[PDB]
Structures are given as C-alpha cells and as structure tokens.
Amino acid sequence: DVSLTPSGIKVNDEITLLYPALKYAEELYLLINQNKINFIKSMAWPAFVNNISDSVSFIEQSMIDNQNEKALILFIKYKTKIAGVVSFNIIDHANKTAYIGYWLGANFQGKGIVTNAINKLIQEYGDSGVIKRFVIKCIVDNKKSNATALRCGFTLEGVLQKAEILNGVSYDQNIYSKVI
C-alpha cells in the first residue's frame, strides 16, 4: 500500500496525515494560537495552550501514545501547511474500537479535509479488520461536527447526558458510530 509512507498516511494529492514530530511544534502552536478564541467554544484544552512548549509537550506525549497504540494522533497536512489534527483519541484493543477526534484551523474549514481524512482512516483500519467499531462523540450543539459524522456515514446511537465538561459546565454529547 503505497499510501502508507514512513512520514504518514497519504489521503489524496493534497492531504497527508503526518505522524507527529517535534519539528511540527512551532507551526502547530501558531495554528492553535490563531484559533484559540473559537476553539475554546468547543474543546477544553485550547484554553491552556500558552506557549510553544505546550505544543512540544503535546507532541512528546502523542509520540509515546502512538508508539504504544494507546492512541493514533496525526497532524493533518493540507498542501504545504499543517491544517489541524485527526486522531483515534482512544484505541480499545480488546473491543476493536476507536474513538475519533479532530479539529481544523478556520482557514482550513469548508474544504472536506476531515471527511476525507476519516474516510481514509476507516478504510485503512476498518477494511483491514484492525478496528470493528469507530465512534465520534461530541457536544450536541456542535453543528459542524454532527454534519461531519453524518457525511462520513456514521449513525447516531443516542445522547450521552451531561458527558462533557467545558469550563465547569457539563454538556450532553451525541454518540455516533460506524461499524465494519
């Protein structure tokens, strides 16, 4: 499979999902910084990304988790730029289940980048039998994420009541799945 390269997974001519590396720390940090205000609306962690060193620490931990298959953290490269992150936040090996996460900088939204990335990951891990069940869980009012999940052929399984905390408040999540 020539799409599985040493540096990452080639989705198409424009998108590669890069294995994390320290060299990406600067670009990743700047991207988060540019999007911090909007990102804080939908994710907890951006509120605390204050220096490049925080992105270095994230990369270091992501590489450890990737090595041990605890997670699969990938940096989305669109053309020449890092666009965001797509991940299996959690890989449950016993139950062959992967929980998906993602984000894109504002300048990279509306381009199908995450949809294309997810479809590729599901082909690679799902059609090979490594993962049986893929899950997207996100706060109910996250309109763009809901659209992405449905666009990728996921099915709504239910609402997880008061399951995600942002800034001390618990919010309901939709849980979507795609089963091979």
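The first residue of the shown sequence is 1; numbering continues from there.
Here the stretch with the larger average CA B-factor, out of 113-121 and 53-61, is 53-61.
In this crystal structure, the stretch out of 167-175 and 19-27 whose C-alpha atoms carry the higher mean B factor is 19-27. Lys41 sits in the highest third of its chain by CA B factor, as recorded in the PDB entry. In the deposited entry, the Cα temperature factor of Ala94 sits in the top third of values across the chain's modelled residues.
The deposited CA B-factor of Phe134 belongs to the lowest third of values across its chain. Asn66: CA B factor lies in the lowest third for its chain, per the PDB record.
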